[PDB]
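Asker: Take a look and give me a structure for this.
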Amino acid sequence: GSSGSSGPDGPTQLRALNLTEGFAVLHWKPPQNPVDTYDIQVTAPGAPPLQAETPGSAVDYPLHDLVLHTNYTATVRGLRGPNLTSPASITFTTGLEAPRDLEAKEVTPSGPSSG
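Answerer: Numbers count the residues shown, from 1 in each chain. Take a look at the structure below.
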């Protein structure tokens, strides 16, 4: 019942913003208290592992060199002292722009005949 609004020490409510000119980036909400460094981990089934970091003075980390047709899983964290914060993962495709690819069906059923 009684559910108040509060935020952890790390990034939460991770959402996938609209990519730009084929640019995939992460978006997290800064908790009451800002962290020092955010630990992000990008991985996928087959794709090479990617590791990076960003200063607490940042609320977004744009990832590049991502395979369009490939789901890259990122995991952001919050480095607060000798301890860590709650990790935040989200699924976002690196391909949200193409002609007659998403809207169209692009299906051509072949049904010839003979006799």
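Asker: Now do the longest strand along the chain: everything it contacts.
Answerer: Ordering each strand of the chain by length in residues (DSSP state E) puts strand 71-80 first. Outside strand 71-80, the residues that touch it by CB atoms under 8 Å, 6 or more residues apart in numbering are 8-11, 14, 24, 26, 28, 31, 33, 35-45, 47, 61, 63, 66, 84-94. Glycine gets a C-beta too; all of them are placed from N, C-alpha and C.
Asker: PyMOL command for the buried members of those residues?
Answerer: The PyMOL selection below is limited to those of these classed as buried (16 or more other CB atoms under 10 Å):
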select buried, resi 9+10+11+14+24+26+28+31+35+38+39+40+42+44+47+61+63+66+85+87+88+92+94
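Asker: Show me the contacts of strand 71-80 that map onto strands.
Answerer: Among these, DSSP E puts 14, 24, 26, 28, 37-43, 61, 63, 84, 88-93 in strands.
Asker: Residue 90 and residue 77, how far apart?
Answerer: Remark: distance between residue 90 and residue 77 (CB to CB, to the nearest Å) = 13 Å.
Asker: got it, and residue 86?
Answerer: Taking CB to CB as the measure, residue 86 falls 8 Å from residue 77.
Asker: How about residue 13?
Answerer: Counting by CB to CB, the separation of residue 13 from residue 77 is 15 Å.
Asker: The two: which has the busier surroundings?
Answerer: Neighbours of residue 13 and residue 77, each counted by other CB atoms under 10 Å, are more numerous for residue 77; the result is 21 against 10.
Asker: Good, we can wrap up now.
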